[PDB]
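The file start.txt comes next; it holds compact mmCIF, C-alpha atoms (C1' of nucleotides).
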# COMPACT_ATOMS: atom_id res chain seq x y z
CA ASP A 3 118.05 101.51 97.53
CA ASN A 4 117.07 102.51 101.07
CA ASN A 5 115.91 105.94 99.89
CA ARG A 6 113.91 104.31 97.08
CA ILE A 7 112.24 101.94 99.57
CA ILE A 8 111.45 104.83 101.92
CA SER A 9 109.97 106.91 99.09
CA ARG A 10 107.84 104.00 97.87
CA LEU A 11 106.61 103.39 101.43
CA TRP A 12 105.73 107.07 101.82
CA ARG A 13 103.85 107.03 98.50
CA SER A 14 101.94 103.92 99.59
CA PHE A 15 101.07 105.58 102.91
CA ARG A 16 99.81 108.67 101.07
CA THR A 17 97.71 106.48 98.76
CA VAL A 18 96.19 104.66 101.75
CA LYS A 19 95.38 107.99 103.41
CA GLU A 20 93.73 109.24 100.20
CA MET A 21 91.73 106.01 99.92
CA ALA A 22 90.55 106.36 103.52
CA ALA A 23 89.56 109.98 102.86
CA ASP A 24 87.63 108.98 99.73
CA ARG A 25 85.68 106.33 101.67
CA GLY A 26 84.29 109.06 103.95
CA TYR A 27 86.63 108.73 106.93
CA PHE A 28 88.02 111.90 108.51
CA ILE A 29 91.73 112.47 107.90
CA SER A 30 93.42 115.57 109.29
CA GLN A 31 94.72 118.10 106.77
CA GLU A 32 98.25 118.03 108.21
CA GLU A 33 98.45 114.24 107.88
CA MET A 34 97.29 114.33 104.24
CA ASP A 35 100.03 116.82 103.27
CA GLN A 36 102.76 115.01 105.21
CA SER A 37 106.12 115.41 103.49
CA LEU A 38 108.70 112.71 102.84
CA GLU A 39 111.18 114.26 105.29
CA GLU A 40 108.61 114.28 108.10
CA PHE A 41 107.67 110.66 107.35
CA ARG A 42 111.30 109.55 107.44
CA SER A 43 111.87 111.52 110.65
CA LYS A 44 108.89 110.05 112.50
CA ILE A 45 109.04 106.49 111.08
CA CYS A 46 112.57 105.56 110.04
CA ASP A 47 115.15 104.95 112.76
CA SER A 48 118.84 105.89 112.88
CA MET A 49 119.78 102.91 110.69
CA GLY A 50 116.99 103.72 108.22
CA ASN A 51 114.97 100.58 108.96
CA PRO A 52 111.25 101.37 108.49
CA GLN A 53 108.81 100.84 111.35
CA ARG A 54 105.75 99.15 109.86
CA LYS A 55 103.98 98.91 113.23
CA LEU A 56 104.17 102.69 113.74
CA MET A 57 102.28 103.38 110.49
CA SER A 58 99.14 101.58 111.71
CA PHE A 59 96.46 104.13 112.53
CA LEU A 60 92.74 104.67 113.07
CA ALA A 61 90.11 106.77 111.31
CA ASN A 62 86.46 107.66 111.89
CA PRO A 63 83.75 108.68 109.40
CA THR A 64 82.85 112.31 108.85
CA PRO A 65 79.36 113.50 109.85
CA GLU A 66 78.58 114.05 106.16
CA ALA A 67 79.55 110.44 105.46
CA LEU A 68 77.62 109.40 108.58
CA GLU A 69 74.39 110.93 107.27
CA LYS A 70 75.06 109.85 103.67
CA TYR A 71 75.92 106.24 104.59
CA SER A 72 74.54 104.57 107.71
CA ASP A 73 76.80 101.49 107.45
CA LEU A 74 80.13 103.21 108.23
CA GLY A 75 82.01 102.45 111.44
CA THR A 76 85.56 102.70 112.72
CA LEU A 77 88.50 102.06 110.40
CA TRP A 78 91.86 100.54 111.38
CA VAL A 79 94.82 100.37 108.98
CA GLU A 80 97.65 97.98 109.85
CA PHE A 81 100.97 97.38 108.09
CA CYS A 82 102.55 93.94 108.37
CA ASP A 83 106.13 94.01 109.66
CA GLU A 84 107.26 90.76 108.04
CA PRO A 85 107.12 90.26 104.24
CA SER A 86 105.18 86.99 104.24
CA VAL A 87 101.82 86.53 105.99
CA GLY A 88 101.34 83.30 107.93
CA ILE A 89 98.08 81.99 109.32
CA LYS A 90 99.12 82.85 112.90
CA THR A 91 99.54 86.55 112.10
CA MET A 92 96.13 86.66 110.41
CA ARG A 93 94.55 84.93 113.41
CA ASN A 94 96.18 87.49 115.71
CA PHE A 95 94.92 90.36 113.53
CA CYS A 96 91.40 88.90 113.49
CA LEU A 97 91.46 88.52 117.28
CA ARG A 98 92.60 92.14 117.63
CA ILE A 99 89.80 93.28 115.30
CA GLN A 100 87.21 91.31 117.28
CA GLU A 101 88.48 92.60 120.64
CA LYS A 102 88.71 96.22 119.41
CA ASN A 103 85.16 96.19 117.86
CA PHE A 104 86.36 97.61 114.53
CA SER A 105 83.72 97.67 111.80
CA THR A 106 86.35 97.39 109.05
CA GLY A 107 90.08 96.80 108.85
CA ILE A 108 92.69 97.06 106.09
CA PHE A 109 95.67 94.68 106.11
CA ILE A 110 98.65 95.45 103.87
CA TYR A 111 101.43 92.97 103.12
CA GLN A 112 104.76 93.31 101.32
CA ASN A 113 105.49 90.19 99.25
CA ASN A 114 102.57 87.73 99.38
CA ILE A 115 99.91 86.15 101.59
CA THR A 116 99.39 82.46 102.31
CA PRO A 117 96.27 80.76 100.89
CA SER A 118 95.38 79.51 104.37
CA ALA A 119 95.16 83.17 105.41
CA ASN A 120 92.61 83.75 102.64
CA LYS A 121 90.75 80.58 103.68
CA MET A 122 89.43 82.13 106.91
CA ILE A 123 88.67 85.69 105.73
CA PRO A 124 84.85 85.14 105.70
CA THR A 125 85.04 84.16 109.41
CA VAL A 126 85.35 87.72 110.75
CA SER A 127 81.66 88.58 110.93
CA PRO A 128 80.32 91.17 111.44
CA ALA A 129 83.62 92.90 110.71
CA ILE A 130 85.11 93.15 107.21
CA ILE A 131 88.82 92.68 106.47
CA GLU A 132 90.48 93.64 103.19
CA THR A 133 93.93 92.56 102.00
CA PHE A 134 96.12 94.93 99.98
CA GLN A 135 99.57 94.68 98.43
CA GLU A 136 101.95 97.54 99.24
CA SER A 137 103.59 97.37 95.81
CA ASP A 138 100.13 97.79 94.28
CA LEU A 139 99.50 100.92 96.38
CA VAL A 140 102.48 102.92 95.09
CA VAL A 141 100.39 104.68 92.41
CA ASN A 142 96.83 105.85 93.04
CA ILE A 143 94.73 104.41 90.22
CA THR A 144 91.89 106.91 90.77
CA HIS A 145 94.19 109.77 89.69
CA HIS A 146 94.66 108.24 86.22
CA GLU A 147 93.20 110.15 83.28
CA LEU A 148 91.51 107.02 81.90
CA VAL A 149 89.75 106.32 85.23
CA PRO A 150 86.61 108.47 85.71
CA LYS A 151 85.19 109.40 89.09
CA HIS A 152 83.17 106.73 90.91
CA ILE A 153 80.70 107.70 93.64
CA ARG A 154 79.01 105.05 95.77
CA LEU A 155 75.23 105.46 95.83
CA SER A 156 73.21 105.32 99.02
CA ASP A 157 70.36 102.85 99.52
CA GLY A 158 67.76 105.54 98.86
CA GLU A 159 69.56 106.70 95.72
CA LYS A 160 69.83 103.11 94.47
CA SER A 161 66.12 102.58 95.12
CA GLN A 162 65.21 105.82 93.34
CA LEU A 163 67.30 104.77 90.35
CA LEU A 164 65.50 101.41 90.37
CA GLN A 165 62.00 102.92 90.20
CA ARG A 166 63.18 105.61 87.74
CA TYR A 167 64.42 103.01 85.26
CA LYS A 168 61.90 100.30 86.29
CA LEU A 169 64.85 97.94 86.68
CA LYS A 170 65.77 94.77 88.50
CA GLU A 171 69.05 94.42 90.37
CA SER A 172 70.41 92.03 87.72
CA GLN A 173 69.51 94.27 84.76
CA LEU A 174 72.07 96.97 85.58
CA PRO A 175 75.60 96.93 84.15
CA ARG A 176 77.88 94.99 86.46
CA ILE A 177 81.23 95.76 88.09
CA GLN A 178 83.40 92.97 89.47
CA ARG A 179 84.37 92.67 93.13
CA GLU A 180 88.03 92.23 92.12
CA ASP A 181 87.95 95.43 90.06
CA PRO A 182 90.74 97.65 91.46
CA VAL A 183 88.38 100.63 91.58
CA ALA A 184 85.85 98.55 93.53
CA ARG A 185 88.59 97.39 95.91
CA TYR A 186 89.70 101.02 96.28
CA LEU A 187 86.16 102.05 97.24
CA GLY A 188 85.58 98.94 99.36
CA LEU A 189 82.51 97.90 97.38
CA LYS A 190 80.29 95.09 98.67
CA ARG A 191 77.77 92.92 96.86
CA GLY A 192 74.58 94.66 95.77
CA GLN A 193 76.01 98.19 95.86
CA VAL A 194 75.66 100.59 92.92
CA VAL A 195 78.21 103.23 91.91
CA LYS A 196 77.54 106.25 89.69
CA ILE A 197 80.21 107.22 87.17
CA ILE A 198 80.46 110.67 85.56
CA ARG A 199 82.19 110.43 82.19
CA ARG A 200 83.28 112.79 79.44
CA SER A 201 81.50 112.27 76.12
CA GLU A 202 82.27 113.70 72.69
CA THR A 203 78.59 113.65 71.67
CA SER A 204 76.92 115.29 74.69
CA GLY A 205 79.69 116.60 76.97
CA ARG A 206 78.73 114.75 80.15
CA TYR A 207 77.37 111.23 80.62
CA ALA A 208 76.18 109.34 83.69
CA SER A 209 76.51 105.57 84.08
CA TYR A 210 75.64 103.16 86.89
CA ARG A 211 77.33 99.87 87.77
CA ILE A 212 76.17 97.34 90.37
CA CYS A 213 78.76 95.31 92.25
CA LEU A 214 78.89 91.56 91.66
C1' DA B 1 72.80 18.32 36.94
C1' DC B 2 73.53 23.65 35.94
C1' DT B 3 71.92 29.05 37.23
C1' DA B 4 70.74 33.41 39.10
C1' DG B 5 69.07 35.69 43.17
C1' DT B 6 71.37 37.80 46.82
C1' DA B 7 73.01 39.35 50.92
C1' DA B 8 77.17 40.86 53.38
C1' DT B 9 81.57 43.02 52.58
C1' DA B 10 93.91 71.33 59.45
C1' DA B 11 96.43 75.21 61.86
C1' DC B 12 95.12 78.72 65.08
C1' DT B 13 93.22 79.65 69.25
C1' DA B 14 90.99 78.24 72.98
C1' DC B 15 89.43 75.47 77.10
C1' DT B 16 89.66 71.79 79.92
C1' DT B 17 91.96 68.36 82.32
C1' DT B 18 95.55 65.96 84.75
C1' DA B 19 99.40 65.16 87.44
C1' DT B 20 103.00 67.48 89.47
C1' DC B 21 104.69 70.03 92.70
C1' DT B 22 105.36 72.10 97.46
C1' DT B 23 104.51 74.66 100.30
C1' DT B 24 102.02 74.37 104.09
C1' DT B 25 100.71 72.68 108.54
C1' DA B 26 100.69 70.34 112.58
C1' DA B 27 103.17 66.33 114.30
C1' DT B 28 108.06 63.76 115.67
Let me see the structure of the file written as structure tokens.
Amino acid sequence: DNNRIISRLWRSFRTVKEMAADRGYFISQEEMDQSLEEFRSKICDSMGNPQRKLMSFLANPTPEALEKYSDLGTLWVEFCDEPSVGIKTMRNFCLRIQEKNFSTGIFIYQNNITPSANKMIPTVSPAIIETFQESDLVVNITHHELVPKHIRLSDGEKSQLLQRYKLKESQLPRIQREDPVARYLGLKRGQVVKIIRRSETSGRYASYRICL
DNA sequence: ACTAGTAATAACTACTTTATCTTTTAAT
């Protein structure tokens, strides 16, 4: 069971690294191709107990992502040591985010999170905090065959689409904020994503969805 | 001293709602 837990944790860590890379943050090539043996050597102790605090890391946007998107800052990924998430731990994490001027931060829990923790999540302005479940991060959803590629559009691209189609913001097809693809991409309200899809009538098709 | 008008005598599926629960938090 310990080996299964370690393998699942390594898969979740790889999925988080891939998600950070897809968002435009720079991840080193050696870290992306980290093997299971290296992860167990540098994280697990002699008794095999995982070190959740050691997995927390920091990432910065690439210059290409910097010029493409002007709203990207520093990224901090933290893994909760304990299974449950009390209000005190969330307050401590929010204080750390405020004191370490992080633009965005990803918090990952094991079992569940208290509703009081979700009560105060809009009180972290200007920073943005996202909550993820580790068990939900075992398998990368974006690698599924049924899930096409989503690319977040810039403000200029969204504007150009709007004058090209003579549209309003509410007339576009809509994508929910709780959509797992939207949560993977960290979508915010009013942001449009372009989707390239296979089609049996024309080969390639392009769709656009605006976040709710 | 009699008569006739005359008026009153359904299951299937879904949503919504309620009370129950209880876990949560700060208070004993």
Interface, chain B side, toward chain A (10 Å; all atoms listed in the file) as a VMD selection string: chain B and resid 23 to 25
d(atom CA of residue 111 of chain A, atom CA of residue 181 of chain A) in Å: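 We find that atom CA of residue 111 of chain A and atom CA of residue 181 of chain A lie 18.9 Å from each other.
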Separation of atom CA of residue 14 of chain A from atom CA of residue 130 of chain A, in Å and rounded to one decimal: 21.4 Å
Answer as a PyMOL selection string, residues within 12 Å of (112.7, 98.9, 107.9) using only C-alpha atoms (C1' of nucleotides): chain A and resi 3-5+7-8+11+42+45-57+81-85+112
Nearest residue to residue 180 of chain A from the set A:165, A:142, A:17, A:133 (distances using only C-alpha atoms): A:133
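Computed from the coordinates, the atom CA of residue 196 of chain A to atom CA of residue 211 of chain A distance equals 6.7 Å.
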Nearest-residue call for residue 78 of chain A, choices A:122, A:198, A:34, A:18, using all atoms listed in the file: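 For residue 78 of chain A, the nearest of the given residues is A:18.
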Answer as a PyMOL selection string, residues within 12 Å of (107.4, 114.9, 102.5) using all atoms listed in the file: chain A and resi 8-13+15-16+32-44
Shell of 12 Å around residue 200 of chain A, all atoms listed in the file, local chain residues under 5 positions omitted, as JSON, numbers by chain: {"A": [147, 148, 149, 150, 151, 205, 206, 207, 208, 209]}
